[PDB]
Amino acid sequence: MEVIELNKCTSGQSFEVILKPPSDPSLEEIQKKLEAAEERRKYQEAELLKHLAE
Amino acid sequence: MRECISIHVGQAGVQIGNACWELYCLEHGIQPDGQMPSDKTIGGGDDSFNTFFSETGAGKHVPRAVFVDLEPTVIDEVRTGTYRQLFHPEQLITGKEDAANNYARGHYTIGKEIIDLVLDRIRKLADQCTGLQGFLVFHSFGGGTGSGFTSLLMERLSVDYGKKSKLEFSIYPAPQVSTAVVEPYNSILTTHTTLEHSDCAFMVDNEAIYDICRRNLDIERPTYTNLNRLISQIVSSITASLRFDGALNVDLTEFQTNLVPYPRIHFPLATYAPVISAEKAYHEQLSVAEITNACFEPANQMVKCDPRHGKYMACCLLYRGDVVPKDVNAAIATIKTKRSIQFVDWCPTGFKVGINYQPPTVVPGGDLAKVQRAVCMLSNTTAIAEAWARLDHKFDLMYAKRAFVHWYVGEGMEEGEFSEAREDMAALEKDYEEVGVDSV
Amino acid sequence: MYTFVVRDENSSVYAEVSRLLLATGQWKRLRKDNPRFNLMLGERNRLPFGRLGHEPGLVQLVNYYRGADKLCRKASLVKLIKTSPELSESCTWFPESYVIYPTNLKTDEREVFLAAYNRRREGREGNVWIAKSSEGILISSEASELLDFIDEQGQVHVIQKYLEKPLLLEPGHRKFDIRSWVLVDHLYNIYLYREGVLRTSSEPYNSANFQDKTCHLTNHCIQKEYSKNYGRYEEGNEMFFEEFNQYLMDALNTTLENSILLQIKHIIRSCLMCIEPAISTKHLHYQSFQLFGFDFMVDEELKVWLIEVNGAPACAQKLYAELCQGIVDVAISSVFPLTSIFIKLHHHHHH
Amino acid sequence: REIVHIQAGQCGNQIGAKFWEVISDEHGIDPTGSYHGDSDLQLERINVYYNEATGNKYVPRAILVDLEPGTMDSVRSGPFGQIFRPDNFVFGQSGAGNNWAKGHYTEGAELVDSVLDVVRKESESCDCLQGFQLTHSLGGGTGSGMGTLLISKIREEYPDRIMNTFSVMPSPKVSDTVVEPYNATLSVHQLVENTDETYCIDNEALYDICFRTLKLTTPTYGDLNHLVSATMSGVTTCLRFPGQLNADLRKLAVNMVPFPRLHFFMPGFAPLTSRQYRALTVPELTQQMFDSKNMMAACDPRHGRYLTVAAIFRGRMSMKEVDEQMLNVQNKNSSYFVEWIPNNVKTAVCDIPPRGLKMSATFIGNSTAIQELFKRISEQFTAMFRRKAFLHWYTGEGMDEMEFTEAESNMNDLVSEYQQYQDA
Ligand SMILES: Nc1nc2c(ncn2[C@@H]2O[C@H](COP(=O)(O)OP(=O)(O)OP(=O)(O)O)[C@@H](O)[C@H]2O)c(=O)[nH]1
Ligand SMILES: Nc1ncnc2c1ncn2[C@@H]1O[C@H](COP(=O)(O)OP(=O)(O)CP(=O)(O)O)[C@@H](O)[C@H]1O
Ligand SMILES: COc1cc(-c2ccnc3cc(-c4ccc(C)cc4)nn23)cc(OC)c1OC
Ligand SMILES: Nc1nc2c(ncn2[C@@H]2O[C@H](COP(=O)(O)OP(=O)(O)O)[C@@H](O)[C@H]2O)c(=O)[nH]1
Ligand SMILES: [Ca+2]
Ligand SMILES: [Ca+2]
Ligand SMILES: [Ca+2]
Ligand SMILES: [Cl-]
Ligand SMILES: [Mg+2]
Ligand SMILES: [Mg+2]
Ligand SMILES: [Mg+2]
Ligand SMILES: [Mg+2]
């Protein structure tokens, strides 16, 4: 059990003990995705307003 | 010194953020108006606390924080509350209609109209940063803001600040507390969209926190403020090494180096001991050996699961209080003989240790007794994949009937994002099972 | 009114416990995937332990110990025995055993294995072995032949010492094994069921041709089929303890408890106390019990050998009634309240 | 925040008036709109149902609609009649004769735009409107026919607000005319399409409760309306009192409605009260509120499965005991909750109890058993329609038999959709 890279200071200590050794999308892609959902919304709203007009 | 910006999204992220910053101020000796008498270099500095607070000419110490809720009532209580003075109005951001427990409404519908305002208020904080390391993101899985807006925020932060690290603190949904039947949907959805933009994420199961408050604090029905002050202790344990002198976890990148060898498997388990009630008349202080042992009882983990039936990839102990290296190694020695602690073959079986000699500070009138020593363990064990199994199973039951799906489609989301998200989670569960189990 | 679900229907024993529970009038069966149960009698493989103990207002109990399969698969048991210090390389009641991975898959002991073989060859000791895994068994003293045979099948197999001098019951000059049913409850009490059985061979034991395997393999299946003398001496080729006791009294002048049972209780205790830290549910959010089947051999010096532990055993037909009532009593109604058929296995020697 | 309330027709206005009387008395506001309570919780969400007036009087955000002036004159004369903004009284003169067609197509069309002008002036005054509630019956002509016409217009002008209704179902046991099954079937189709949540109040159930368990021998509409006031108060608790749960319909709708047309809720109340002294325990509140005899929709819950449930406990009590009792009906009757919607029962609690009780419970069930209500209406409808009986009252106003055939098809569809999920 090896106790290694001990570091001290007035606030505390730190070290490492070893018991055993080893055996992104674009900005435009995002605002296009956001706009494709916005149009799917505005379409479903137009389908409702068309139905309400009938 | 390098600065860290904390971002709190939704109700859960804001009220937990309030818990943290209250605790941070008590710990650094900053008072509600932002004054820090002990800060002798007035109006500036580069001490380690400066990674979280910035300084004004009048001597005010100001959190490097933005709060974001799509409805005003929760952040209004910040604006009117006992820490009103400490935050600049520009850091508290509100909408007026929330996301109604709907991932799609927070991401797509209400997200689109507020994302640019948030990024620029985030940019006003990054501009008073000589060297930014990145972000701490607080949010709920189950909220519509907490889940949907956060994942939109996370996507763009990757673009606007691609070299910076991003850590999350995520509240995982629990029916004893939870606000909604669709929270499994929101959880899977936002984990799938955030998975590649998050370098390391600390999950808190509201069930585990709840039960710790009932059993160890003798609160029969815990409130959010009960839950959050406990969560706040654990978060402050995890962040203390960024705010305080030390050599372990000194910046955000060390959190991934030390805890996340495989980047998809970036969900360390947090375990914390001891939680003692302030109403406990007679209490026998617990030793280094006792509190290190308590790190391996499931009843003290932030997520109930069973690490004996998994493998470790990493492990830190963060001690606060009267702790010295010799007692840690003696405690570790005795524990490895009496407990099932198996690592993956390609990692060392070992512990990185950090000690800070100041014991946990407790909020006055809180529920936590002051203790002479405490420890928070951070173990990247595959047993946390149990929480994904739970979540995914609940998701499967509802989606097999398309229950509630129509609410999401109606916000412009396409049904297929459900199945994509659920397939990502199917991968993630098998990654965990590859690393952490060997053949039957 | 407690609630329970059934997720193994091919289970003789928990089929009976299901019906015993209904007849109480205080247990209601829910449908397989209803999560609001008190008790899960679950599947044998892929039992979803990660989903237990998370239902608010429901004490939950399952009839299996997660992790208990390291006792009940042949390769795992060997690995457990030689690596655990409480059991040891130097374990007196387990036959010498070596894990052997086939050639296709490329730890494995196969060259540490024939160290023992050639030390036995030029040691002029009886050196028959047996290859097996978790029906495809070969008994031969040609080592050169057994690593031949493991590799043409594709699964991992263990090769174990063959007990060349077994105790043989007369009349018959014939082999047997003993099966004991042990119940571990949610408190990790270890209960031995007072009734065991001897699964007899009805073929005289032949020590000169092991290629015929029906006087060498006491499995109830193979005796039911291959053997001409099935049913000859004992009903169903199953001898019970009262008979085997008095045979030992008349033939060998001892009893079952002194000659064999002390050794059996020591082996059961040692196996379950070894894995207890790894599988106990004492401080866990759900609870476990499990019924095990231990299988022993007796050699001619009346030494008992553990051959395997089975984690999903069937019972003997006469005993289903009494054992299954006993499981409800001590495993289930202990947790869900509505002279014993079990011997509690506890020993605390001071040293 | 703000909700705009609309009450249409004879039944819509009588129940609506006694609703406002009941909740105004809860919030301390007296008949002249002047506040006189002793707690600030009475005032914390008062804006959801009230506008603040000159002198900070409180005025209900309520519009009163009828095609005849009879009932609304009765309201202006009634106990709280002067509470209402007088500009919000919108009435024609000729009535609708219990005729859906008159409500929806002829008489109603003449007055609907003037109702929508008052709606608009009440929404513009709203910091952030969240939606509407309509009280009406489905068996008459105004509240049925004009009410659903108004619901259609309001959706056109506010397609993204929540539309919520308290809808009295007709019953032969409490019946004004033979044509009620016609008027109700025409109305149900509108409701399936154009409301987010509908509280099915069955006059059948209100009668049986009044008779079998309150033991009132000759129940009046006044007795029926007492029950309706009590449960309307109960379901709207979160909209009117401070709590862990905010006052918004959208979150309720999202969590109650797994499939959009299956938004017809079965309400329930406990203890059942007629206009006593015994302490009701939390185990009793819980057992009763789930009791078939406390349901305001004459359907048997054990004939169907609960898709979702919301429950609201009022008074001073141990939410540990509430939690325990709720968890123990679900765990001891798990048969009757769908297993494919996990944790589908939500419980809220409010410290302030209704007048005259120290402890009450309100039940809101989205059960598939509500199909029984619609099949009942459907059998009554068909029994006349297969002889085209009484149709002339409707074809006289422009309607065609085709529209009846479509409306009965749509309700039979709705019944099949309920049955599909009772077997899933
Ligand atoms: N630990 C803790 N959990 C919270 C808190 N607030 C909410 N939660 C949990 O978070 C989930 C609800 O998410 P919220 O954060 O309230 O949702 P939101 O981000 O405000 O999104 P919307 O209100 O839908 O716009 C539930 O599971 C809650 O139990 C809190 O303050 N502390
Ligand atoms: N080393 C050994 N020495 C002597 N006999 C052995 C032996 N190993 C196995 N046997 C014999 O083979 C028989 C069964 O072998 P095995 O251990 O594989 O049981 P099994 O899993 O096939 C059926 P069950 O699970 O009911 O016991 C034993 O009953 C025994 O007679
Ligand atoms: C509980 O009764 C009420 C609840 C709410 C409310 C506010 C905020 N979030 C939520 C979630 C749920 C929910 C409902 C059902 C399920 C299965 C899960 C969750 N309800 N809810 C509002 C209310 O006002 C009208 C209200 O009264 C009726
Ligand atoms: N519970 C209750 N039901 C009513 C009341 N008034 C009418 N109903 C029912 O409503 C139907 C007739 O509707 P009504 O309101 O008189 O028609 P409208 O005025 O033209 O809209 C019938 O089912 C009546 O039983 C009432 O005050 N209370
Ligand atoms: Ca300074
Ligand atoms: Ca990144
Ligand atoms: Ca006219
Ligand atoms: Cl960058
Ligand atoms: Mg919110
Ligand atoms: Mg076997
Ligand atoms: Mg009338
Ligand atoms: Mg006009």
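1. Points about the interface of chain A and chain B
Counting from both sides, the interface comprises 33 residues of chain A and, opposite them, 39 residues of chain B. Carbon and sulfur atoms make up 59% of the area that chain A and chain B hide from each other, which totals about 3,100 Å². The largest share of the area that chain A buries against chain B comes from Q13, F15 and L34 of chain A, three residues that together contribute 20% of it. The tally of links from chain A across to chain B stands at 3 salt bridges.

2. Description of the interface of chain A and chain D
Tallying the contact residues gives 5 residues for chain A and 5 residues for chain D. At the junction of chain A with chain D, the criterion picks out 0 salt bridges. Here chain A is connected to chain D by 1 residue pair in polar contact.

3. Considering the coordination of the calcium ion (ligand 7)
Around the calcium ion (ligand 7), the protein contributes the donor atoms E110 of chain D (OE) and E110 of chain D (OE), at 3.0 to 3.1 Å from the metal centre. As for its placement among the helices and strands, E110 of chain D is situated in helix α5 (residues 107–124).

4. Regarding the site of ligand 1
All names here are of chain B. Contacts to ligand 1 come from 25 residues, most closely from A12, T145, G146, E183 and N228. Side-chain polar atom of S140 to an oxygen atom of ligand 1: 3.0 Å apart, as the coordinates give it. A distance of 2.7 Å separates an oxygen atom of ligand 1 from a polar atom in the backbone of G146. Contact with the protein chains hides 98% of the accessible area of ligand 1, taken as 650 Å² for the molecule alone. Elements with a minimum of two residues in the shell around ligand 1: α1 (10–28), α5 (144–160) and α8 (224–243). The leading source of residues in the shell around ligand 1 is α1, at 5 residues. When the residues that make up the shell around ligand 1 are grouped by side-chain class, the tally is 8 nonpolar, 13 polar and 4 charged.

5. Here's the deal with the sheet that holds strand β9 (residues 269–273) of chain B
If you trace the 6 strands from one edge of the open sheet to the other, you get β1(A)-β2(A)-β11(B)-β10(B)-β12(B)-β9(B), paired in mixed fashion. Here the strands that pair on one side only, and so sit at the sheet edges, are β1 (2–8) of chain A together with β9 of chain B. If you compare each strand with its neighbour and ignore which way they point, the axes differ by 15° on average. Here strand β2 (residues 12–20) of chain A runs beside strand β11 (residues 349–356) of chain B; their pairing, made up of 8 bridges, is antiparallel. Looking across to β11 of chain B, one finds that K20 of chain A is bridged to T349 of chain B.

6. What to know about the domain arrangement of chain B
All names here are of chain B. On domain assignment, one finds that chain B holds domain 1 (1–268), domain 2 (269–383) and domain 3 (384–440). Taking the mean C-alpha position of each, domain 2 and domain 3 sit 32 Å from one another. In this complex, domain 2 contributes 13 residues to the contact, which on the side of domain 3 involves 9 residues. For the pair domain 2 and domain 3, the summed buried surface comes to about 830 Å²; carbon and sulfur atoms form 58% of the total. Connecting domain 2 to domain 3 are 0 salt bridges. Our count for the contact surface shared by domain 2 and domain 3 stands at 6 residue pairs in polar contact. Among the residues making up the side of domain 2 that touches domain 3, the classes are represented as 7 nonpolar, 3 polar and 3 charged.

7. So, the site of ligand 2
All names here are of chain C. Taken together, 19 residues sit near ligand 2, with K161, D177, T218, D295 and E308 positioned nearest. The side chain of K74 places a nitrogen or oxygen atom 2.9 Å from an oxygen atom of ligand 2. A distance of 2.4 Å is found between a nitrogen atom of ligand 2 and a backbone nitrogen or oxygen belonging to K161. Here the residues of the shell around ligand 2 sort into 5 nonpolar, 5 polar and 9 charged.

Reading guide: rules and limits
- Residues numbered from 1 in each chain as written, not as in the entry; some residues may be left out.
- Chains lettered and ligands numbered in written order.
- Part of a larger assembly, values for the part shown.
- Heavy atoms only, no water.
- Residues with missing side-chain atoms left out of burial classes, pairs and counts.
- Contact = heavy atoms within 4.5 Å.
- Buried area = accessible area lost by both parts, 1.4 Å probe.
- Salt bridge = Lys/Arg side-chain N within 4 Å of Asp/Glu carboxyl O.
- Polar contact = N/O pair within 3.5 Å; in protein donor to acceptor, adjacent residues only side chain to side chain.
- Donors = N, O, S within 2.8 Å, 3.2 Å for Na, K, Ca; no water.
- Helix = DSSP H or I, 4+ residues; strand = E, 2+ residues; numbered from the N terminus.
- Near = heavy atom within 4 Å.
- Areas by Shrake-Rupley, 256 points an atom, 1.4 Å probe, with all protein chains shown as cover.
- Nonpolar A, V, L, I, M, F, W, Y, C, P; charged D, E, K, R; others polar.
- Pairing = 2+ DSSP bridges.
- Axes fitted to C-alpha atoms, helices over the stretch in contact; angles between N-to-C directions.
- Domains from an automatic or database assignment.

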